[PDB]
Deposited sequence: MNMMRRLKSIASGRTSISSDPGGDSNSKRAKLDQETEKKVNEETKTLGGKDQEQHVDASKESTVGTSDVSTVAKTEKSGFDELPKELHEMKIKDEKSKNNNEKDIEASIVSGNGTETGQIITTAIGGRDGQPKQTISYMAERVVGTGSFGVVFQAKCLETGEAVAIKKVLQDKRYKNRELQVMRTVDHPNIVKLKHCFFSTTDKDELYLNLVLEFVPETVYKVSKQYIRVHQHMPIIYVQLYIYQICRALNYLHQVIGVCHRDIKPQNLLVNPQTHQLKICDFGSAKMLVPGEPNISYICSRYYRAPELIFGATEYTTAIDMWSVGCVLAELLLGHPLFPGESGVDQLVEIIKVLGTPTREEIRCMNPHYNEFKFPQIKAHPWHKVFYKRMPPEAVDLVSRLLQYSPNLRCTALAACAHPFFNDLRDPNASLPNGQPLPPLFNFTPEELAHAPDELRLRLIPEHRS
């Protein structure tokens, strides 16, 4: 089936064009001038392109087709439609002499990432305004809710580089679903996923039956990173990453290790007392921020927050203000324009806090 298509290339240092069919009843020529790689990954590279027909700049993720492990990326991409997840526009094959097959995913062009924006603030040695922290983290959690509930998929690699940012609207969209999977109880999963800094400690203790909570740990770590202006848990390796977590949270209880991975059994380690959240962040930093960070960063995944619940956290009261705006006067992005399926997560309590009076 598939119904993915071939490309044709025009090359030679002067230009770099790829020609394509769009979709269909009569198919139509669509072309892209390639330019400027803006990221890689273990399988493929993301590069900018100009759609020669329309004019629209786009971001084409060239994925190297190596059997290795699951795709699922295209499967998810086709069937997702939400303001805070990236829109797939087209997909095609970009094969060349010998080598092998490349699958190209033509995504909408969003320039900056959270990683870039954070680097900007950090290199001026001055912290990033809370408004933005609230907007981005809120928009992650919203997207996560849709993924977890509507689509039923766990993104499974929430990291700053996988989060696009419009510098004008300050709209954020989740990127790169190479690691995403519909988590099924019973059928065991891969243990070793998610960038190490943002990796939930279930995955560290070799879990296999894990929930969507792993992504909510990741947003916990992103949020911390935005407040701290540096990675909260900068692990060098799996073991060093574990310790980095222990330095803040303290040593896990046997009950907590149960919740994380029952099969693991004992954990040979001394009992380090937790370095309290209060002394992890500034006195400046809003209590609501620390409260959220702490609820997101727990060992036991069940006690961890859910995406939609997080969205309704007091920390995002500011965003729900009727007079709320970007610091340059311009309005906030779409925040509360929920679809009914988005809010199929029952609680009316939640709904009421979630959508403001306006």
Just jot down which stretches of the deposited chain sequence have no CA coordinates, in the order they come. 1 to 100, 125 to 130, 465 to 466
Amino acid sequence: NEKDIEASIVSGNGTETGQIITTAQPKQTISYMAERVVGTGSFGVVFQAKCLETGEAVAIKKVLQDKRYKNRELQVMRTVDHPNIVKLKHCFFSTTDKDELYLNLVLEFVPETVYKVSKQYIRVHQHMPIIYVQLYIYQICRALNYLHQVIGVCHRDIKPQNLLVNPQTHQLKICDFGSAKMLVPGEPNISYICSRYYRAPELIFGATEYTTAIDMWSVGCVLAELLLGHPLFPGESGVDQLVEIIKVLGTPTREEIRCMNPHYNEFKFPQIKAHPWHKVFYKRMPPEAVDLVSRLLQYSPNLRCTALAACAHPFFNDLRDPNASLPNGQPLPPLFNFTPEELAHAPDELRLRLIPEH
From here on, numbers count along this sequence of modelled residues.
Using only C-alpha atoms and the B-factors in the entry, which stretch averages higher, 268 to 276 or 124 to 132? 268 to 276
Name the higher of the two by mean Cα B-factor in the PDB entry, 322 to 330 versus 62 to 70. 62 to 70
By the CA temperature factor listed in this entry, which of these ranks top: 240, 288, 225, 157? 288
Which one of 141, 259, 172, 150 shows the biggest C-alpha B-factor in the PDB entry? 259
Chain thirds by Cα B factor, record data; residue 114 belongs to the lowest
Against its chain's modelled residues, does residue 314's Cα B factor rank lowest, middle or highest third? lowest
Of the three thirds of the chain ranked by Cα temperature factor, residue 306 occupies the lowest
What third of its chain, lowest, middle or highest, does the C-alpha temperature factor of residue 284 fall into? highest
Can you tell me which third, lowest, middle or highest, the CA B-factor of residue 220 falls into for its chain? lowest
